[PDB]
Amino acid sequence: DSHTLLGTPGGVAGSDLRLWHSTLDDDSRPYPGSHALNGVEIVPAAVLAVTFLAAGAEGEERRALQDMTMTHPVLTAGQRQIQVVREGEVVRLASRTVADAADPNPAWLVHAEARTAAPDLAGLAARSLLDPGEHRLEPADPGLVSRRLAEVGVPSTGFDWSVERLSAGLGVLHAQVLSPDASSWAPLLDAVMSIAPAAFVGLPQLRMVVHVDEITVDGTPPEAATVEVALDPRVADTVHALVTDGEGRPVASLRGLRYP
């Protein structure tokens, strides 16, 4: 209910390794809603992100994430054991079949990994939203926003956010987002990563994020935000995001979201 997959802390004697263990099934999903491909429930990338943020910052101040790879999706179907590992500046999320007498130590599958780093908050604060006029952002019809947002991502969302306004240009979107749950960054991160693939031009494809070069968050999540999402002009299948609060102060950035 923290929106993370961090369960019971575990230690290795004589080692600064940090572990957390948990069991995942359909009745212990750390998020409220459903995130599913035709009845295939997949843990949202936002949950992986906040899990890594929490694991990074446990005995310390908050971290940014770098080179977050999401190689294999985490499914909720049946029952699986989850291990989150912090080893130095590396965090990993793994799962395996629930151990039993016949297989008391099944091998781990590593789903995702990132590196933790000191957040670049002056970098973050020096960002601002692209100028609407300069990039010719036209306000979009609510009905088409809903259809587009549905088309490019998984039909329902994991979390309680919504788009109250959206302006769109060529490979740029500005979305005014409501996010009443401020108990974690997962809802806003889920909004960013659900809205981001709407920026791609051409025919709508269903995409899922598999990599992020950098995730930086600052402070507690606001309940109203503007989410900017912009195509990388040079590298395919890549989007960059900025989140500001209602007064336009930058509160999160996600660089190099990859949606192949």
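Quick note: we count residues from 1 along the sequence shown, nothing fancier.
The mean Cα B-factor in the deposited entry runs higher for 154 to 162 than for the other of 123 to 131 and 154 to 162. Comparing 195 to 203 with 33 to 41, the higher mean C-alpha B-factor in the PDB entry belongs to 33 to 41. Looking only at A114, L189, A175, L137, the residue with the top Cα B factor in the deposited structure is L137. The PDB entry gives the largest Cα B-factor of the residues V85, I82, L109, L144 to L144. Sort the modelled residues of the chain by CA B factor and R148 lands in the highest third.
Split the chain's modelled residues into thirds by C-alpha temperature factor. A99 is in the middle one. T226: CA B factor in the middle third of modelled residues in this chain (values from the PDB entry). Compared with the other modelled residues of the chain, the Cα B-factor recorded for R62 ranks in the highest third.
Annotation for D26: C-alpha temperature factor in the highest third relative to the rest of the modelled chain, per the entry.
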